[PDB]
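Colleague: What follows is upload-v4.txt; its format and atoms are compact mmCIF, N, CA and C atoms and all ligand atoms.
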# COMPACT_ATOMS: atom_id res chain seq x y z
N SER R 7 9.88 -11.98 21.66
CA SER R 7 8.65 -11.88 22.49
C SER R 7 8.96 -11.09 23.77
N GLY R 8 7.93 -10.65 24.47
CA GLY R 8 8.07 -9.95 25.74
C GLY R 8 7.00 -8.91 25.95
N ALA R 9 6.78 -8.58 27.18
CA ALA R 9 5.74 -7.61 27.53
C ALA R 9 6.18 -6.76 28.71
N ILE R 10 5.49 -5.65 28.93
CA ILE R 10 5.61 -4.82 30.13
C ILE R 10 4.40 -5.16 31.00
N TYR R 11 4.60 -5.44 32.29
CA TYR R 11 3.49 -5.72 33.22
C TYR R 11 3.44 -4.62 34.26
N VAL R 12 2.58 -3.61 34.08
CA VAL R 12 2.43 -2.47 34.97
C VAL R 12 1.00 -2.42 35.48
N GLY R 13 0.80 -2.36 36.81
CA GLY R 13 -0.57 -2.39 37.35
C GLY R 13 -1.33 -3.62 36.88
N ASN R 14 -2.56 -3.39 36.38
CA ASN R 14 -3.36 -4.46 35.75
C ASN R 14 -3.35 -4.37 34.24
N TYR R 15 -2.21 -3.98 33.69
CA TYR R 15 -2.02 -3.90 32.24
C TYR R 15 -0.87 -4.79 31.77
N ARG R 16 -1.01 -5.30 30.54
CA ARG R 16 0.04 -6.02 29.83
C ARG R 16 0.25 -5.26 28.52
N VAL R 17 1.47 -4.76 28.30
CA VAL R 17 1.83 -3.98 27.10
C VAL R 17 2.64 -4.86 26.20
N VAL R 18 2.17 -5.09 24.98
CA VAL R 18 2.86 -5.97 24.02
C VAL R 18 2.94 -5.33 22.66
N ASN R 19 3.79 -5.86 21.78
CA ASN R 19 3.79 -5.40 20.38
C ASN R 19 2.42 -5.82 19.80
N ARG R 20 1.78 -4.88 19.09
CA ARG R 20 0.45 -5.20 18.52
C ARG R 20 0.55 -6.43 17.60
N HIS R 21 1.68 -6.53 16.86
CA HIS R 21 1.79 -7.64 15.91
C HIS R 21 1.98 -9.01 16.56
N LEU R 22 2.31 -9.06 17.87
CA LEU R 22 2.50 -10.29 18.65
C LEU R 22 1.36 -10.56 19.63
N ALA R 23 0.30 -9.70 19.62
CA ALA R 23 -0.82 -9.89 20.54
C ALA R 23 -1.55 -11.22 20.30
N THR R 24 -1.93 -11.87 21.41
CA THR R 24 -2.63 -13.16 21.33
C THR R 24 -4.17 -12.97 21.24
N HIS R 25 -4.93 -14.04 21.06
CA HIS R 25 -6.38 -13.95 21.09
C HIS R 25 -6.84 -13.48 22.47
N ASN R 26 -6.17 -13.95 23.56
CA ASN R 26 -6.59 -13.50 24.88
C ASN R 26 -6.35 -11.97 25.03
N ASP R 27 -5.21 -11.46 24.45
CA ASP R 27 -5.03 -10.00 24.47
C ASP R 27 -6.18 -9.25 23.78
N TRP R 28 -6.55 -9.69 22.58
CA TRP R 28 -7.63 -9.03 21.83
C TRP R 28 -9.00 -9.19 22.55
N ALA R 29 -9.20 -10.30 23.27
CA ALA R 29 -10.46 -10.51 23.99
C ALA R 29 -10.54 -9.73 25.31
N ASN R 30 -9.41 -9.18 25.77
CA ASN R 30 -9.33 -8.38 27.02
C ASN R 30 -8.68 -7.03 26.69
N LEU R 31 -9.01 -6.46 25.55
CA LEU R 31 -8.34 -5.26 25.04
C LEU R 31 -8.65 -4.01 25.80
N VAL R 32 -7.61 -3.21 26.08
CA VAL R 32 -7.78 -1.89 26.70
C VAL R 32 -7.55 -0.82 25.61
N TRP R 33 -6.49 -0.95 24.78
CA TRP R 33 -6.14 0.08 23.80
C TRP R 33 -5.18 -0.50 22.77
N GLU R 34 -5.27 -0.08 21.52
CA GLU R 34 -4.30 -0.54 20.53
C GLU R 34 -4.08 0.56 19.53
N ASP R 35 -2.89 0.58 18.94
CA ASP R 35 -2.56 1.59 17.92
C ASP R 35 -1.56 0.99 16.94
N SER R 36 -2.02 0.72 15.72
CA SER R 36 -1.24 0.10 14.66
C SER R 36 -0.06 0.99 14.26
N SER R 37 -0.27 2.31 14.22
CA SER R 37 0.83 3.22 13.85
C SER R 37 2.00 3.18 14.82
N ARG R 38 1.77 2.77 16.07
CA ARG R 38 2.80 2.66 17.12
C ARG R 38 3.27 1.23 17.35
N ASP R 39 2.62 0.24 16.76
CA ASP R 39 2.87 -1.16 17.04
C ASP R 39 2.64 -1.52 18.52
N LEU R 40 1.62 -0.94 19.15
CA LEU R 40 1.36 -1.24 20.56
C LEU R 40 -0.05 -1.77 20.79
N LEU R 41 -0.18 -2.65 21.77
CA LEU R 41 -1.49 -3.09 22.24
C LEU R 41 -1.36 -3.31 23.72
N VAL R 42 -2.44 -2.94 24.45
CA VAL R 42 -2.51 -3.11 25.90
C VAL R 42 -3.74 -3.92 26.24
N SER R 43 -3.58 -4.97 27.04
CA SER R 43 -4.70 -5.80 27.51
C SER R 43 -4.73 -5.77 29.04
N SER R 44 -5.87 -6.17 29.61
CA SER R 44 -6.02 -6.18 31.07
C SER R 44 -5.56 -7.52 31.65
N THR R 45 -5.04 -7.48 32.91
CA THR R 45 -4.56 -8.67 33.58
C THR R 45 -5.31 -8.89 34.90
N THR R 46 -5.36 -10.15 35.35
CA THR R 46 -5.96 -10.46 36.63
C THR R 46 -4.95 -10.14 37.74
N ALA R 47 -3.68 -10.53 37.56
CA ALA R 47 -2.66 -10.23 38.58
C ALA R 47 -1.96 -8.86 38.36
N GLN R 48 -1.49 -8.21 39.44
CA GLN R 48 -0.77 -6.92 39.33
C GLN R 48 0.69 -7.15 38.97
N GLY R 49 1.22 -6.32 38.07
CA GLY R 49 2.62 -6.42 37.60
C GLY R 49 3.62 -5.61 38.40
N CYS R 50 4.92 -5.85 38.13
CA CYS R 50 6.01 -5.23 38.89
C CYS R 50 6.77 -4.16 38.16
N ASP R 51 6.57 -4.01 36.86
CA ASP R 51 7.29 -2.98 36.14
C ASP R 51 6.75 -1.61 36.48
N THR R 52 7.60 -0.63 36.47
CA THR R 52 7.28 0.80 36.67
C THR R 52 7.62 1.53 35.35
N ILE R 53 6.81 2.49 34.92
CA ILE R 53 7.07 3.24 33.71
C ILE R 53 7.88 4.48 33.99
N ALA R 54 8.91 4.73 33.21
CA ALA R 54 9.71 5.95 33.29
C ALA R 54 8.90 7.15 32.80
N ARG R 55 9.04 8.30 33.52
CA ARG R 55 8.38 9.55 33.11
C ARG R 55 9.50 10.59 33.02
N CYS R 56 10.09 10.74 31.78
CA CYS R 56 11.35 11.48 31.51
C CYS R 56 11.61 11.69 30.01
N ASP R 57 12.79 12.39 29.69
CA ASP R 57 13.24 12.55 28.30
C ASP R 57 14.65 11.95 28.18
N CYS R 58 14.98 10.85 28.95
CA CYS R 58 16.30 10.18 28.81
C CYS R 58 16.50 9.75 27.36
N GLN R 59 17.74 9.77 26.94
CA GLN R 59 18.17 9.28 25.65
C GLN R 59 19.29 8.29 25.84
N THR R 60 19.52 7.77 27.07
CA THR R 60 20.43 6.66 27.30
C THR R 60 19.77 5.65 28.21
N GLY R 61 20.03 4.39 27.96
CA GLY R 61 19.39 3.34 28.76
C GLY R 61 19.95 2.00 28.37
N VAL R 62 19.24 0.92 28.68
CA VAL R 62 19.72 -0.45 28.44
C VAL R 62 18.55 -1.25 27.88
N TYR R 63 18.80 -2.07 26.87
CA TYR R 63 17.72 -2.94 26.36
C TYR R 63 18.08 -4.42 26.37
N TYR R 64 17.07 -5.28 26.42
CA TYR R 64 17.31 -6.72 26.37
C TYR R 64 17.15 -7.23 24.94
N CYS R 65 18.18 -7.98 24.52
CA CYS R 65 18.29 -8.60 23.19
C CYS R 65 18.23 -10.12 23.33
N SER R 66 17.08 -10.71 23.04
CA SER R 66 16.92 -12.15 23.22
C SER R 66 17.81 -12.98 22.31
N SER R 67 18.11 -12.47 21.10
CA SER R 67 18.97 -13.18 20.16
C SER R 67 20.44 -13.15 20.54
N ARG R 68 20.78 -12.48 21.66
CA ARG R 68 22.13 -12.53 22.23
C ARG R 68 22.11 -12.93 23.71
N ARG R 69 20.94 -13.12 24.33
CA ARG R 69 20.83 -13.30 25.80
C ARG R 69 21.62 -12.22 26.56
N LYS R 70 21.48 -10.98 26.14
CA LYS R 70 22.29 -9.92 26.74
C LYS R 70 21.50 -8.65 26.80
N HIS R 71 21.82 -7.84 27.81
CA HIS R 71 21.35 -6.48 27.94
C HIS R 71 22.47 -5.55 27.47
N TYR R 72 22.15 -4.58 26.60
CA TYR R 72 23.15 -3.68 26.05
C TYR R 72 22.82 -2.25 26.41
N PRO R 73 23.83 -1.47 26.81
CA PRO R 73 23.64 -0.03 26.99
C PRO R 73 23.57 0.67 25.64
N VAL R 74 22.66 1.59 25.50
CA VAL R 74 22.48 2.31 24.20
C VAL R 74 22.13 3.75 24.42
N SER R 75 22.49 4.59 23.43
CA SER R 75 21.97 5.93 23.22
C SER R 75 20.84 5.82 22.18
N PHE R 76 19.73 6.49 22.38
CA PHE R 76 18.60 6.37 21.47
C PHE R 76 18.01 7.72 21.17
N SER R 77 17.36 7.83 20.02
CA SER R 77 16.76 9.09 19.59
C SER R 77 15.45 9.38 20.30
N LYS R 78 14.99 10.62 20.24
CA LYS R 78 13.69 10.97 20.83
C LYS R 78 12.55 10.35 20.01
N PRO R 79 11.38 10.07 20.60
CA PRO R 79 10.29 9.45 19.85
C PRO R 79 9.90 10.31 18.64
N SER R 80 9.82 9.65 17.49
CA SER R 80 9.61 10.35 16.22
C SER R 80 8.79 9.48 15.27
N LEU R 81 8.47 10.10 14.09
CA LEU R 81 7.75 9.44 13.01
C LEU R 81 8.85 9.01 12.02
N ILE R 82 9.08 7.72 11.90
CA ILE R 82 10.15 7.13 11.09
C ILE R 82 9.62 6.16 10.06
N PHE R 83 10.16 6.20 8.84
CA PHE R 83 9.82 5.25 7.81
C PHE R 83 10.52 3.95 8.09
N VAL R 84 9.72 2.88 8.21
CA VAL R 84 10.23 1.55 8.52
C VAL R 84 9.95 0.68 7.31
N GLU R 85 10.84 -0.26 7.01
CA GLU R 85 10.68 -1.11 5.78
C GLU R 85 9.63 -2.20 5.96
N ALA R 86 9.13 -2.72 4.84
CA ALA R 86 8.13 -3.78 4.89
C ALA R 86 8.66 -5.04 5.52
N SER R 87 7.88 -5.65 6.41
CA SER R 87 8.28 -6.94 7.01
C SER R 87 7.11 -7.87 6.73
N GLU R 88 6.96 -8.87 7.59
CA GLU R 88 5.80 -9.79 7.43
C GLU R 88 4.67 -9.13 8.17
N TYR R 89 4.96 -8.21 9.08
CA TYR R 89 3.86 -7.66 9.96
C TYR R 89 3.22 -6.34 9.51
N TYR R 90 4.02 -5.48 8.85
CA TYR R 90 3.51 -4.19 8.34
C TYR R 90 4.03 -3.85 6.95
N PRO R 91 3.27 -3.10 6.15
CA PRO R 91 3.77 -2.60 4.86
C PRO R 91 4.78 -1.50 5.20
N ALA R 92 5.79 -1.32 4.33
CA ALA R 92 6.72 -0.17 4.54
C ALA R 92 5.78 0.99 4.80
N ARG R 93 6.00 1.69 5.89
CA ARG R 93 5.10 2.72 6.35
C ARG R 93 5.84 3.59 7.36
N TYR R 94 5.17 4.65 7.77
CA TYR R 94 5.66 5.47 8.83
C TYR R 94 5.13 4.91 10.14
N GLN R 95 6.04 4.70 11.12
CA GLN R 95 5.69 4.24 12.48
C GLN R 95 5.91 5.45 13.41
N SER R 96 4.93 5.75 14.26
CA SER R 96 5.02 6.90 15.13
C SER R 96 5.55 6.48 16.53
N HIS R 97 6.04 7.49 17.26
CA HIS R 97 6.52 7.34 18.63
C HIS R 97 7.66 6.29 18.68
N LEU R 98 8.52 6.27 17.71
CA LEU R 98 9.59 5.26 17.57
C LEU R 98 10.93 5.92 17.87
N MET R 99 11.81 5.20 18.59
CA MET R 99 13.15 5.69 18.95
C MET R 99 14.16 4.73 18.35
N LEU R 100 15.27 5.22 17.77
CA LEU R 100 16.24 4.32 17.18
C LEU R 100 17.57 4.34 17.94
N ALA R 101 18.23 3.20 17.94
CA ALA R 101 19.60 3.08 18.53
C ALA R 101 20.42 2.14 17.64
N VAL R 102 21.75 2.16 17.81
CA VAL R 102 22.60 1.22 17.14
C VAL R 102 22.70 -0.04 18.03
N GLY R 103 22.28 -1.16 17.46
CA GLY R 103 22.30 -2.42 18.20
C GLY R 103 21.70 -3.53 17.37
N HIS R 104 22.46 -4.60 17.80
CA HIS R 104 22.08 -5.88 17.22
C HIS R 104 20.56 -6.18 17.45
N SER R 105 19.73 -6.34 16.42
CA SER R 105 18.29 -6.78 16.44
C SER R 105 17.90 -7.84 15.38
N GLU R 106 16.90 -8.73 15.67
CA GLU R 106 16.23 -9.70 14.76
C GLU R 106 14.78 -9.75 15.22
N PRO R 107 13.89 -10.36 14.46
CA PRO R 107 12.45 -10.17 14.72
C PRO R 107 11.96 -10.55 16.08
N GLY R 108 12.10 -11.82 16.36
CA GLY R 108 11.76 -12.37 17.69
C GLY R 108 12.31 -11.65 18.89
N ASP R 109 13.21 -10.72 18.70
CA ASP R 109 13.59 -9.82 19.82
C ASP R 109 12.45 -8.84 20.16
N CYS R 110 11.47 -8.64 19.28
CA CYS R 110 10.45 -7.61 19.63
C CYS R 110 9.91 -8.03 21.01
N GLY R 111 9.65 -7.04 21.82
CA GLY R 111 9.11 -7.31 23.17
C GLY R 111 10.14 -7.09 24.27
N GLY R 112 11.43 -7.07 23.90
CA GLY R 112 12.46 -6.81 24.90
C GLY R 112 12.36 -5.40 25.46
N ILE R 113 12.57 -5.23 26.75
CA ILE R 113 12.41 -3.90 27.36
C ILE R 113 13.63 -3.02 27.20
N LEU R 114 13.39 -1.75 26.93
CA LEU R 114 14.36 -0.67 27.06
C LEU R 114 14.04 0.06 28.37
N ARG R 115 15.04 0.28 29.20
CA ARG R 115 14.83 0.95 30.51
C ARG R 115 15.92 1.97 30.74
N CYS R 116 15.60 2.97 31.57
CA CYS R 116 16.56 4.06 31.96
C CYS R 116 16.55 4.10 33.45
N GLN R 117 17.26 5.13 34.01
CA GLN R 117 17.28 5.27 35.45
C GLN R 117 15.90 5.45 36.10
N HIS R 118 14.89 5.88 35.36
CA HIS R 118 13.53 6.14 35.91
C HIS R 118 12.56 4.94 35.81
N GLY R 119 12.89 3.89 35.01
CA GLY R 119 11.98 2.77 34.82
C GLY R 119 11.92 2.33 33.36
N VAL R 120 10.80 1.67 32.97
CA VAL R 120 10.65 1.17 31.58
C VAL R 120 10.35 2.29 30.63
N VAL R 121 11.08 2.37 29.54
CA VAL R 121 10.94 3.37 28.51
C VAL R 121 10.10 2.91 27.35
N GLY R 122 10.30 1.67 26.92
CA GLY R 122 9.58 1.14 25.75
C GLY R 122 9.96 -0.30 25.47
N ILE R 123 9.57 -0.79 24.26
CA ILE R 123 9.81 -2.23 23.92
C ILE R 123 10.31 -2.31 22.50
N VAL R 124 11.07 -3.35 22.26
CA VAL R 124 11.64 -3.54 20.91
C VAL R 124 10.51 -3.76 19.87
N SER R 125 10.64 -3.22 18.68
CA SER R 125 9.59 -3.18 17.63
C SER R 125 10.19 -3.29 16.25
N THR R 126 11.31 -2.60 15.93
CA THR R 126 11.93 -2.55 14.53
C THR R 126 13.47 -2.59 14.59
N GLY R 127 14.18 -2.67 13.44
CA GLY R 127 15.66 -2.80 13.48
C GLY R 127 16.24 -3.58 12.31
N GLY R 128 17.43 -4.12 12.55
CA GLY R 128 18.13 -4.77 11.40
C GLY R 128 19.30 -3.88 10.94
N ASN R 129 20.22 -4.45 10.21
CA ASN R 129 21.50 -3.74 9.86
C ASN R 129 22.13 -2.95 11.05
N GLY R 130 22.05 -3.44 12.31
CA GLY R 130 22.63 -2.78 13.50
C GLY R 130 21.71 -1.64 13.88
N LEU R 131 20.43 -1.71 13.40
CA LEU R 131 19.41 -0.73 13.99
C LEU R 131 18.45 -1.49 14.93
N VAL R 132 17.90 -0.83 15.91
CA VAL R 132 16.87 -1.45 16.80
C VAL R 132 15.96 -0.27 17.12
N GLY R 133 14.67 -0.47 16.86
CA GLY R 133 13.68 0.61 17.03
C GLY R 133 12.85 0.18 18.22
N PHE R 134 12.69 1.10 19.17
CA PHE R 134 11.82 0.89 20.35
C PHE R 134 10.54 1.72 20.27
N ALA R 135 9.35 1.12 20.47
CA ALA R 135 8.05 1.81 20.65
C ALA R 135 8.02 2.47 22.05
N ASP R 136 8.04 3.79 22.13
CA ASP R 136 8.00 4.50 23.42
C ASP R 136 6.66 4.30 24.11
N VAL R 137 6.71 4.24 25.44
CA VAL R 137 5.46 4.19 26.27
C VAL R 137 5.42 5.31 27.31
N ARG R 138 6.45 6.18 27.36
CA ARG R 138 6.53 7.18 28.43
C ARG R 138 5.41 8.23 28.39
N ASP R 139 4.75 8.44 27.21
CA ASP R 139 3.66 9.40 27.14
C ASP R 139 2.33 8.81 27.58
N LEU R 140 2.24 7.49 27.80
CA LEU R 140 0.96 6.81 28.14
C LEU R 140 0.75 6.89 29.63
N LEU R 141 0.36 8.09 30.11
CA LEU R 141 0.31 8.32 31.56
C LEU R 141 -0.73 7.49 32.28
N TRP R 142 -1.77 7.11 31.54
CA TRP R 142 -2.85 6.29 32.07
C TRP R 142 -2.40 4.89 32.49
N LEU R 143 -1.23 4.40 32.00
CA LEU R 143 -0.73 3.10 32.47
C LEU R 143 -0.51 3.09 33.97
N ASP R 144 -0.32 4.30 34.60
CA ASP R 144 -0.04 4.39 36.05
C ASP R 144 -1.27 4.41 36.93
N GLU R 145 -2.47 4.34 36.36
CA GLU R 145 -3.71 4.45 37.16
C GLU R 145 -4.78 3.45 36.75
N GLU R 146 -5.92 3.43 37.49
CA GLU R 146 -7.13 2.63 37.28
C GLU R 146 -6.96 1.19 37.72
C1 LIG I 201 14.17 -5.66 16.39
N1 LIG I 201 13.87 -5.93 14.98
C2 LIG I 201 14.71 -6.28 14.00
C3 LIG I 201 13.88 -6.36 12.82
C4 LIG I 201 14.09 -6.64 11.46
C5 LIG I 201 13.02 -6.65 10.59
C6 LIG I 201 11.74 -6.36 11.03
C7 LIG I 201 11.50 -6.05 12.37
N2 LIG I 201 10.24 -5.68 12.88
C8 LIG I 201 9.04 -6.22 12.59
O1 LIG I 201 8.90 -7.17 11.83
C9 LIG I 201 7.86 -5.54 13.23
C10 LIG I 201 7.59 -4.25 12.52
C11 LIG I 201 7.52 -2.99 12.95
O2 LIG I 201 7.30 -2.17 11.89
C12 LIG I 201 7.26 -3.03 10.85
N3 LIG I 201 7.42 -4.26 11.15
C13 LIG I 201 12.59 -6.05 13.27
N4 LIG I 201 12.56 -5.78 14.59
ZN ZN I 202 14.70 8.38 32.10
Let's see the structure in the file written out as structure tokens.
Modeller:
Amino acid sequence: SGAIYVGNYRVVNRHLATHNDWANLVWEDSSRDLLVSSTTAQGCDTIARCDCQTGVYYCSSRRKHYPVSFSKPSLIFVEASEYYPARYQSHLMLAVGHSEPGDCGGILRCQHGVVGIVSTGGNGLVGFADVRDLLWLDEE
């Protein structure tokens, strides 16, 4: 589990969104595994605006933050889980790292701020849904 809290937005994995998220919806995209809902309180996270390929992510199944090298956001075939049919997921970055399901939501960050959130992985893979192209998260 986990979310990004930027401005009056809450960014979560679409597959983990609550009824309150869907009732206060700003934007969602199944192909990216992302959903954004509105918040009453202002958040403290800042979004990175860059092309970094190194950063650190939080792994809840280890209680640890790990430094990683990750690929640029791409269209990747991901295997069937309980949440999606084997399909192509867009705007996804991969790194080598310990992952399990309930880790989705952990933040990946670089020197500029939050890069994305955990979404896919297994066999020492961890896939992050990028948010750096969502420039509108910084306004309104
Ligand atoms: C971090 N992590 C490890 C996983 C192992 C297996 C499945 C994962 N992801 C999901 O269930 C969510 C999903 C995205 O696209 C399709 N399904 C994993 N995430
Ligand atoms: Zn960066």
Colleague: Once you count only C-alpha atoms and all ligand atoms, which residues end up within 12 Å of ligand ZN 202 (chain I), and could you hand them over as JSON, numbers by chain?
Modeller: {"R": [52, 53, 54, 55, 56, 57, 58, 59, 60, 61, 62, 75, 76, 78, 114, 115, 116, 117, 118, 119, 120, 121, 122, 136, 137, 138]}
Colleague: Return as a ChimeraX atom specification every polymer residue, whether protein, DNA or RNA, with at least one atom no more than 7 Å from an atom of ligand LIG 201 (chain I); count all atoms listed in the file.
Modeller: /R:21,39,84-93,95,104-110,124-129,131-133
Colleague: Taking only N, CA and C atoms into account, which of R:38, R:139, R:50, R:113 comes nearest residue 63 (chain R)?
Modeller: R:113
Colleague: Pick out each residue of chain R that DSSP on the backbone tags as strand (DSSP E or B); I need them as a ChimeraX atom specification.
Modeller: /R:10-19,31-35,40-50,53,60-65,70-75,80-84,93-102,113-116,119-128,131-136
Colleague: Which centre and edge lengths in Å to one decimal define the box along x, y and z that fits every listed atom of region 55-59 of chain R plus 3 Å per side, as lines of an AutoDock Vina configuration file?
Modeller:
center_x = 13.8
center_y = 10.4
center_z = 29.6
size_x = 16.9
size_y = 10.3
size_z = 13.9
Colleague: Using DSSP on the backbone, list every residue of chain R that comes out as alpha helix (DSSP H), and give them as a count of residues only.
Modeller: 5
Colleague: Quote the spacing between atom C of residue 35 (chain R) and atom N of residue 74 (chain R) in Å to one decimal place.
Modeller: 25.7 Å
Colleague: Quick one: of R:73, R:49, R:44, R:13, who's nearest to residue 28 (chain R), counting all atoms listed in the file?
Modeller: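 The answer is R:44, which sits nearest to residue 28 (chain R).
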Colleague: Between atom C of residue 36 (chain R) and atom N of residue 69 (chain R), measure the distance and give it in Å to one decimal.
Modeller: 27.2 Å
Colleague: Choose the residue, out of R:32, R:10, R:101, R:65, that has the smallest atom-to-atom separation from residue 146 (chain R); count only C-alpha atoms.
Modeller: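 Under the stated criterion, the closest residue is R:32.
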Colleague: For residue 29 (chain R), which residue out of R:11, R:80, R:43, R:99 is the nearest one, using only N, CA and C atoms?
Modeller: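 Looking at the shortest contact to residue 29 (chain R), the residue is R:43.
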Colleague: For atom N of residue 48 (chain R) and atom N of residue 111 (chain R), determine how far apart the two atoms are, in Å to one decimal place.
Modeller: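 Here the two named atoms are 20.9 Å from each other.
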Colleague: Of the residues R:71, R:8, R:94, R:41, which is the one nearest to residue 20 (chain R), using only N, CA and C atoms?
Modeller: R:41
Colleague: Between R:79, R:46, R:135, R:96, which residue has the minimum interatomic distance to residue 123 (chain R), considering only N, CA and C atoms?
Modeller: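 Going through R:79, R:46, R:135, R:96 one by one, the smallest distance to residue 123 (chain R) is for R:135.
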Colleague: Kindly provide, as a count of residues only, the polymer residues lying within 7 Å of (0.9, -6.9, 23.4), counting only C-alpha atoms and using the coordinates exactly as they appear in the file.
Modeller: 12
